[PDB]
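Structure file input_22.cif (mmCIF, C-alpha atoms) follows.
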```
data_entry
#
loop_
_atom_site.label_atom_id
_atom_site.label_comp_id
_atom_site.auth_asym_id
_atom_site.auth_seq_id
_atom_site.Cartn_x
_atom_site.Cartn_y
_atom_site.Cartn_z
CA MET I 155 -14.02 -19.07 -113.56
CA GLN I 156 -14.63 -17.49 -110.15
CA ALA I 157 -17.06 -14.73 -111.20
CA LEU I 158 -20.18 -16.57 -109.97
CA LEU I 159 -18.80 -17.34 -106.50
CA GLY I 160 -17.53 -13.77 -106.19
CA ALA I 161 -20.95 -12.39 -107.09
CA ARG I 162 -22.70 -14.78 -104.69
CA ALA I 163 -20.49 -13.75 -101.76
CA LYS I 164 -20.99 -10.11 -102.75
CA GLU I 165 -24.79 -10.39 -102.74
CA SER I 166 -24.80 -12.27 -99.42
CA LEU I 167 -22.67 -9.67 -97.63
CA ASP I 168 -24.64 -6.91 -99.37
CA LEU I 169 -28.01 -8.08 -98.04
CA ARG I 170 -26.64 -8.78 -94.56
CA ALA I 171 -24.88 -5.41 -94.22
CA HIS I 172 -28.00 -3.83 -95.73
CA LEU I 173 -30.21 -5.07 -92.92
CA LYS I 174 -27.42 -4.11 -90.52
CA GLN I 175 -27.31 -0.52 -91.79
CA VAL I 176 -31.11 -0.23 -91.77
CA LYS I 177 -30.65 -0.90 -88.07
CA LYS I 178 -27.58 1.15 -87.19
CA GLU I 179 -28.67 4.32 -88.99
CA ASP I 180 -31.59 5.16 -86.69
CA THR I 181 -29.69 3.41 -83.91
CA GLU I 182 -26.98 6.09 -83.88
CA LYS I 183 -29.36 8.86 -84.96
CA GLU I 184 -31.15 8.44 -81.63
CA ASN I 185 -28.76 7.19 -78.97
CA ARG I 186 -28.72 10.11 -76.51
CA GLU I 187 -32.41 11.06 -76.76
CA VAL I 188 -33.08 7.88 -74.75
CA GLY I 189 -31.83 9.01 -71.31
CA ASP I 190 -33.54 8.76 -67.93
CA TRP I 191 -34.14 10.68 -64.71
CA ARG I 192 -32.03 11.22 -61.59
CA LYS I 193 -34.36 9.95 -58.82
CA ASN I 194 -33.02 11.96 -55.88
CA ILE I 195 -34.41 11.69 -52.34
CA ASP I 196 -35.18 14.68 -50.13
CA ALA I 197 -34.33 12.74 -46.94
CA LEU I 198 -36.42 15.34 -45.04
CA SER I 199 -33.27 17.49 -45.00
CA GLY I 200 -34.42 20.89 -46.25
CA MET I 201 -36.69 21.59 -43.27
CA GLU I 202 -35.44 23.62 -40.30
CA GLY I 203 -38.46 22.98 -38.09
CA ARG I 204 -41.93 21.52 -37.83
CA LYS I 205 -44.10 21.31 -40.93
CA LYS I 206 -46.97 23.72 -41.52
CA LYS I 207 -49.38 20.89 -42.38
CA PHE I 208 -51.42 18.78 -39.96
CA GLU I 209 -49.23 15.69 -40.49
CA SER I 210 -46.56 17.27 -38.26
CA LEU Y 57 -42.72 29.43 -10.88
CA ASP Y 58 -43.38 31.55 -13.86
CA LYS Y 59 -39.66 31.76 -14.42
CA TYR Y 60 -39.24 27.97 -14.18
CA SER Y 61 -42.43 27.38 -16.17
CA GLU Y 62 -41.24 29.82 -18.82
CA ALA Y 63 -37.66 28.59 -18.66
CA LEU Y 64 -39.28 25.24 -19.15
CA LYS Y 65 -41.56 26.22 -21.97
CA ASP Y 66 -38.43 27.57 -23.61
CA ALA Y 67 -36.18 24.62 -22.73
CA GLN Y 68 -39.05 22.41 -23.80
CA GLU Y 69 -39.69 24.35 -27.00
CA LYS Y 70 -36.01 24.42 -27.75
CA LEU Y 71 -36.19 20.70 -26.99
CA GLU Y 72 -39.12 20.13 -29.29
CA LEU Y 73 -37.19 22.07 -31.91
CA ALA Y 74 -33.93 20.21 -31.13
CA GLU Y 75 -35.83 16.95 -31.06
CA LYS Y 76 -37.47 17.99 -34.29
CA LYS Y 77 -34.10 18.92 -35.66
CA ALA Y 78 -32.91 15.51 -34.55
CA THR Y 79 -36.05 13.87 -35.94
CA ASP Y 80 -35.64 15.58 -39.26
CA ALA Y 81 -31.88 15.21 -39.20
CA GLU Y 82 -32.47 11.56 -38.39
CA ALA Y 83 -35.16 11.39 -41.01
CA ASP Y 84 -32.35 12.49 -43.23
CA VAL Y 85 -29.76 10.23 -41.61
CA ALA Y 86 -32.16 7.53 -42.68
CA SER Y 87 -33.02 9.10 -46.07
CA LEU Y 88 -29.34 9.47 -46.66
CA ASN Y 89 -28.69 5.94 -45.58
CA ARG Y 90 -31.40 4.82 -47.91
CA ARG Y 91 -29.85 6.79 -50.74
CA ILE Y 92 -26.39 5.64 -49.74
CA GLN Y 93 -27.47 2.09 -49.77
CA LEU Y 94 -29.43 2.54 -52.94
CA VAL Y 95 -26.44 4.16 -54.57
CA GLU Y 96 -23.92 1.77 -52.92
CA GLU Y 97 -26.14 -1.03 -54.08
CA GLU Y 98 -26.30 0.47 -57.55
CA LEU Y 99 -22.53 0.88 -57.28
CA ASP Y 100 -21.96 -2.65 -56.14
CA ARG Y 101 -24.31 -3.71 -58.87
CA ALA Y 102 -22.51 -1.45 -61.30
CA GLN Y 103 -19.36 -3.21 -60.14
CA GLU Y 104 -21.05 -6.65 -60.36
CA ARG Y 105 -22.32 -5.68 -63.76
CA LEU Y 106 -18.90 -4.27 -64.50
CA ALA Y 107 -17.22 -7.43 -63.41
CA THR Y 108 -19.79 -9.20 -65.53
CA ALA Y 109 -19.29 -6.76 -68.42
CA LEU Y 110 -15.58 -7.28 -68.08
CA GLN Y 111 -16.08 -11.04 -67.93
CA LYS Y 112 -18.42 -10.75 -70.90
CA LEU Y 113 -15.81 -8.47 -72.44
#
```
As a first step, turn the structure in this file into structure tokens.
Amino acid sequence: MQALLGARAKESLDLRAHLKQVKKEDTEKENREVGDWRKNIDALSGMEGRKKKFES
Amino acid sequence: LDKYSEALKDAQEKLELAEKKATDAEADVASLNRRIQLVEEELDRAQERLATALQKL
């Protein structure tokens, strides 16, 4: 009896997991190449005197 | 007079340099406080977002 319902469930999960894998493949393939920068501030610390430019 | 004037140009130059050191050190007290608050804010936010992530967990 249950062959048709089994096949229907199988095809449903197959298509869903298919779309899912189409996503997760290139998801995991590139998941560290997507980093960012540090954004540090100088805080005017590395100068031991007056600047050479006109602003100081 | 030359000795006081010179002692002064030197106390005054050392002062401009000490004041500069203070200005720059202060520029950095402030740049550090900005970074500290930016990082403390990112930390508090990381912790707010953590508490949220944990709540969402």
Pick out the residues sitting within 10 Å of residue Y:82, and hand them over as a PDB file with C-alpha atoms, in the coordinates of the input; count all atoms listed in the file, and ignore anything fewer than 6 positions along from it in its own chain.
```pdb
ATOM      1  CA  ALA I 197     -34.330  12.740 -46.940  1.00  0.00           C
ATOM      2  CA  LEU I 198     -36.420  15.340 -45.040  1.00  0.00           C
ATOM      3  CA  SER I 199     -33.270  17.490 -45.000  1.00  0.00           C
TER       4      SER I 199
ATOM      5  CA  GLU Y  75     -35.830  16.950 -31.060  1.00  0.00           C
ATOM      6  CA  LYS Y  76     -37.470  17.990 -34.290  1.00  0.00           C
ATOM      7  CA  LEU Y  88     -29.340   9.470 -46.660  1.00  0.00           C
ATOM      8  CA  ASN Y  89     -28.690   5.940 -45.580  1.00  0.00           C
TER       9      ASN Y  89
END
```
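Across the model, the gap from atom CA of residue Y:109 to atom CA of residue I:190 is 21.1 Å.
With distances taken over all atoms listed in the file, I:202 is the one residue among I:188, I:175, I:202, I:170 lying closest to chain Y.
One finds atom CA of residue Y:73 at 6.4 Å from atom CA of residue I:203.
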Exercise. Just so the selection is clear, what residues does the PyMOL selection byres ((chain Y) within 7 of (chain I)) cover here, as a PyMOL selection string?
Worked result: chain Y and resi 73+76-77+80-81+83-84+87-88+91
Problem set entry | Interatomic distance (Å, one decimal) between atom CA of residue I:192 and atom CA of residue Y:92 | 14.3 Å
Provide an axis-aligned box for all listed atoms of stretch 73-77 of chain Y, padding each side by 8 Å; report its centre and its edge lengths in Å to one decimal, as JSON.
```
{"center_x": -35.7, "center_y": 19.5, "center_z": -33.4, "size_x": 19.5, "size_y": 21.1, "size_z": 20.6}
```
